[PDB]
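A.B. asks: Opening with a subset of the complex:
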Amino acid sequence: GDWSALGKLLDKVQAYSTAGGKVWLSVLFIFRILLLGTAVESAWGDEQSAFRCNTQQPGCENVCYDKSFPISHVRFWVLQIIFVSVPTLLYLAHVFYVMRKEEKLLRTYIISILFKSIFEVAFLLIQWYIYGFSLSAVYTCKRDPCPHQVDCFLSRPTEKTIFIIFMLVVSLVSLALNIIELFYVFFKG
Amino acid sequence: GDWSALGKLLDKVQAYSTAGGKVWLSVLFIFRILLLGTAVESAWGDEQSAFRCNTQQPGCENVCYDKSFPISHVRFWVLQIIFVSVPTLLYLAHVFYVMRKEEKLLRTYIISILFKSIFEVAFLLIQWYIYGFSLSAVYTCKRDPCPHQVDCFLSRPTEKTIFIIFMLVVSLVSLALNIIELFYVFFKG
Amino acid sequence: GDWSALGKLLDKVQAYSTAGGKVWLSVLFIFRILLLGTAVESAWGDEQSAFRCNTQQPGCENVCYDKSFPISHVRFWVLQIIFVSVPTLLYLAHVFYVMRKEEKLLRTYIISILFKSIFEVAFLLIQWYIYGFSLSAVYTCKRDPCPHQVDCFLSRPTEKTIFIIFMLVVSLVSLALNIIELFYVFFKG
């Protein structure tokens, strides 16, 4: 029975955060995890199996899908959320070690928040560069195996576009909350 | 061993709710989650794989399925339940922070309930606009790849219609309970 | 460490039940859940994929399967068990609130038992009306896309019939136990 230690650890890390920014950030994080784990994962299930091209050339479908999707959106979002979460976990464990020292910091919190913001904007920029924020039903593919130009058709482009916009909005809200947090720490300083 | 704290937290949030409205709302929520997680998820498993169109045009099936189902009903319902649940979690965590302040509100509960009602009615209206409340076995598809008009056939339209009506009834009951809750808070005020 | 509270809650709800009826009902419920979760779910896995019709008409298989199975037996049974379980959960939570009042009913138990009986008989009648209690290997399908009449063949009809009879027997036993419970409460009154 050591429920008090976890409560004290939770209090210490939030002691340097805004009133209510912590709760909105945590709720938004669990919202994003729930959305990623159930809906978008099942939406992207048949990304290659339902992918089809109008050609008889063997191997054209493989290269055309590879060119159309350099990386799946779901795996990209998983990487983004992991990269966003890593600095927070680092800071939490560092504060845990600080408490262990106390039994026998603010600058690190600022660095973690700022790095999380950097990672979020970097992932957004990469998504804009590679894919944009929409998916087209018809993709024109010009790859070496395929003769001339071929037409290929994605799986559920519209629902994927909807989920892409949802994830973009979620990322933007998270970034805005992080900037507000940084501004509050600047105000305190 | 800190079972008392969770009980006190549960008591505090329900202190502003009707006698018995809380239990009906919670039971209905777990009912909806159980129905969504087991039955309707398996019902929508072959939505695109069993989807078929009477044509020889390559890529016509993809675009016709995309036009017929801009977003899957199951994923739409997952989004709806998440959006309905978010304000409740926000209020619960806010009350937790209020208790933390007490160790060392009603307006937020009203706002959360009202926003949950807004989200429920908005999702119902969106479902009515895009899909309606029934599914037809035969869908006439007129999309660019397909020549003229083609006939396509959905997977298990009748069982999906039954589950759609079930979810509509569940959403209506939840909205009615929320309005009764709001009326009770108005009566108290 | 609050094991005593759950024991007291368990005692209070069973205080109004017969000697031994509670244990048989609980064992039968867990039996039905185990049977539904493992065996019958896997038995119905290929209900549409292995479903086949003797025709060349595009879309005839879809409409014929839809007409043959308006709702899957497994999902129907899931709905039935959820509907049967809901009144019990309502009564348990109501008794929990009654204990909370005591810290600072029989009619509801009767109503819950009677409503559970009503739901059980209603689901049995619906199953009898739509399907009966057997499955035939060959189904004659007369639907609009299909020309004239077509012959279709179900997946594992015999094993499904066996499981249907098993579920019917389980439901009948549960209903009989519920009627015995109601008779005992009448005897007490």
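C.D. replies: Structure's in. What do you need? Numbering: from 1, shown residues only, chains lettered A, B, ... in the order given.
A.B. asks: Might you enumerate the residues of chain A proximal to chain B?
C.D. replies: A:1, A:3, A:11, A:20, A:23-24, A:26-27, A:30-31, A:34-35, A:38-39, A:42-43, A:46, A:50, A:52-54, A:137-138, A:151-159, A:162-163, A:166 (C-beta under 8 Å from any C-beta of the partner chain). For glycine as for every other residue, the C-beta is placed from the backbone atoms N, C-alpha and C.
A.B. asks: PyMOL command to pick out the buried ones of these?
C.D. replies: With 16 or more other C-beta atoms under 10 Å in any protein chain shown as the criterion, this PyMOL line picks the buried residues out of those:
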select buried, chain A and resi 23+24+27+31+35+38+39+42+43+50+52+53+137+138+151+152+153+154+155+156+157+158+159+162+163
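A.B. asks: quick one: which of the residues of chain A next to chain B sit in strands?
C.D. replies: A:52, A:53, A:138, A:151, A:152, A:153 (DSSP state E).
A.B. asks: The closest residue to residue A:54 other than its chain neighbours: what's it in contact with?
C.D. replies: Nearest residue to residue A:54, sequence neighbours excluded (C-beta to C-beta, 6 or more residues apart in numbering or on different chains): residue B:58, at 4.0 Å. With contacts defined as C-beta atoms under 8 Å, 6 or more residues apart in numbering or on different chains, residue B:58 is in contact with A:52, A:53, A:54, A:151, A:153, B:145.
A.B. asks: My guess is the first one contacts residue A:151. True?
C.D. replies: Looking back up the chat, that one is residue A:52. No. Using C-beta atoms under 8 Å, residue A:52 is not in contact with residue A:151; the gap is 9.6 Å.
A.B. asks: can you add chain D next? sequence is:
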Amino acid sequence: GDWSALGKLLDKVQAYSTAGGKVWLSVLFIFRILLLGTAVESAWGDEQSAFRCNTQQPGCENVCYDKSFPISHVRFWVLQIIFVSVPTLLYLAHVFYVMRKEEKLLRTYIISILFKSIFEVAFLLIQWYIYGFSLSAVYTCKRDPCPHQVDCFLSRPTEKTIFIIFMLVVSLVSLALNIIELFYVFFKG
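C.D. replies: Next up, chain D placed on what we already have:
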């Protein structure tokens, strides 16, 4: 912290059992559950999908598989283990209620053991009648859709035969242990 109550409940039920019969029976039960849950379930995964018949008749494969396998071996074994386990759970819960009476039997144990033996021998006899204890690679099918007689080929007959023999040996060992238990209770009486 109520670890003592579960220990006392465990002691009370085993108080009427042989020295060491309890441990062998429990180990054998967990062995059977582990074998059923991992190996044989995956072995029977493609029972119908890999099932093939040498014919061009539509629907012949469905009826031939249905006739060859009235019920899957894995589901049959799941039913058998559930039926064997039910009397033990009934007796355990009855002893729990007896302890509740004590805070404020042997004949039932004998009945449960004997009924478990009956169920085991009944399931063995049913398996012998329907299937035997071996699987043949080639099955001759004479069903109405199929013209004359057709040849069908099972999926992995040899490995399935091996697992069938394993389950038969496990069931025989369990029955022998149950008979030894009954003989010991007779010796005590």
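A.B. asks: Can you report how many residues lie near residue A:183?
C.D. replies: When neighbours are counted by other C-beta atoms under 10 Å in any protein chain shown, residue A:183 registers 11.
A.B. asks: Surely it is in a helix?
C.D. replies: Yes. Remark: residue A:183 belongs to a helix, assigned using DSSP: H, G, I helix; E, B strand; the rest coil.
A.B. asks: Chain B versus that one, what's the distance?
C.D. replies: According to C-beta to the nearest C-beta, to the nearest Å, residue A:183 stands 21 Å off from chain B.
A.B. asks: And that residue, how close does it get to residue B:126?
C.D. replies: 35 Å (C-beta to C-beta, to the nearest Å).
A.B. asks: In stretch A:61-81, which of the residues would be classed as buried?
C.D. replies: So, applying 16+ other C-beta under 10 Å, buried residues of stretch A:61-81: A:61, A:63-65, A:68-69, A:73-74, A:76-78, A:80-81.
A.B. asks: Just to check, residue A:134 is in contact with residue A:161?
C.D. replies: Yes. Taking C-beta under 8 Å as the definition, residue A:134 is a contact partner of residue A:161 at 5.1 Å.
A.B. asks: ok so, going back, can you tell me which of the buried residues of stretch A:61-81 are in strands?
C.D. replies: Among those, no member falls in strands (DSSP E).
A.B. asks: Can I get these in a markdown table including distance to chain C?
C.D. replies: Formatted as a markdown table, the buried residues of stretch A:61-81 follow (distance: C-beta to the nearest C-beta, whole Å):
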| residue | distance to chain C |
| --- | --- |
| A:61 | 23 |
| A:63 | 30 |
| A:64 | 27 |
| A:65 | 24 |
| A:68 | 28 |
| A:69 | 27 |
| A:73 | 28 |
| A:74 | 25 |
| A:76 | 32 |
| A:77 | 30 |
| A:78 | 29 |
| A:80 | 35 |
| A:81 | 31 |
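A.B. asks: go ahead and place chain E:
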Amino acid sequence: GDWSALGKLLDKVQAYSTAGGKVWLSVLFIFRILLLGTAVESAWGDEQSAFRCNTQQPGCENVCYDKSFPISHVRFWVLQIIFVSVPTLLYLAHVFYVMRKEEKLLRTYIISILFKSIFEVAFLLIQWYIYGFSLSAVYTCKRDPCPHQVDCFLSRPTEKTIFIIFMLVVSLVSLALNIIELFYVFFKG
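C.D. replies: The block that follows adds chain E to the chains above:
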């Protein structure tokens, strides 16, 4: 809160084991379980589906796969690890009963270790007899349905061979540790 009892039970069983043999055996067991549960299970996923034969004879692929693989390697390894684990569980539960007697053995440990060694060597010999320790890409199949001799091709033979060698090395290390354990008990005696 009864953490002390499990620690005492752990101490009692290891009291008859070598210094460090216990930890190496436990680590090796968890290593084998982790390797079996994740890597080799996914490696053997398409053992029959990707299995192909150069023939037009219906049913030749089924019988050729059955003859090539009398039992899957993964299921064989699951059986082997279960058989190896059973004597250890028997001994642990026997020591638990011995402690229960104490509240109100070495020979069994020797027997369990020796039987575990016997089972390990028996499974290794069976694997050598049926399969050997390698898999060939091309299998020549001479079975009744197939005319003359046919050529069949396994799924991922090289990776399966690598995992087979890994499991062989793991089994050999476990057997060597068991023999060292037996020699130590002989030295003590």
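A.B. asks: check contacts around the residue nearest to residue A:155 when sequence neighbours are not counted.
C.D. replies: In space, and not counting its chain neighbours, residue A:155 is closest to residue A:50: 3.6 Å by C-beta to C-beta, 6+ apart. When contacts are counted by C-beta under 8 Å, 6+ apart, residue A:50 touches A:155, A:156, B:48, B:49, B:62.
A.B. asks: Helices of chain A, residue ranges please.
C.D. replies: Secondary structure of chain A by DSSP state H: the helices cover A:3-14, A:21-35, A:41-43, A:60-68, A:73-103, A:106-130, A:157-188.
A.B. asks: Chain E: which of those helices is closest?
C.D. replies: Minimum separation from chain E across the helices of chain A (C-beta to the nearest C-beta) falls at helix A:3-14, 13.7 Å.
A.B. asks: Show me the contact partners of that closest one.
C.D. replies: A:22, A:91, A:92, A:95, A:96, A:98, A:99, A:109, B:1, B:2, B:5, B:100.
A.B. asks: So how do I select the buried members of those residues in ChimeraX?
C.D. replies: To isolate the buried members of the contacts of helix A:3-14 in ChimeraX, using 16+ other C-beta under 10 Å:
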select /A:22,91,95,109
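A.B. asks: what are the C-alpha coordinates of stretch A:4-17, in CSV please?
C.D. replies: Extracted C-alpha coordinates of stretch A:4-17, given in CSV (Å, rounded to 0.1, in the frame of the first residue of the first chain):
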residue,chain,number,x,y,z
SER,A,4,0.7,8.3,-1.5
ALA,A,5,4.0,8.1,-3.4
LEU,A,6,2.4,8.1,-6.8
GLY,A,7,0.2,11.0,-5.8
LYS,A,8,3.2,13.0,-4.7
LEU,A,9,5.0,12.2,-7.9
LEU,A,10,2.0,13.4,-9.9
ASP,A,11,1.8,16.6,-7.9
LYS,A,12,5.5,17.4,-8.3
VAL,A,13,5.5,17.2,-12.1
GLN,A,14,2.3,19.3,-12.4
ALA,A,15,3.6,21.8,-9.9
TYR,A,16,5.4,23.5,-12.9
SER,A,17,2.4,23.4,-15.2
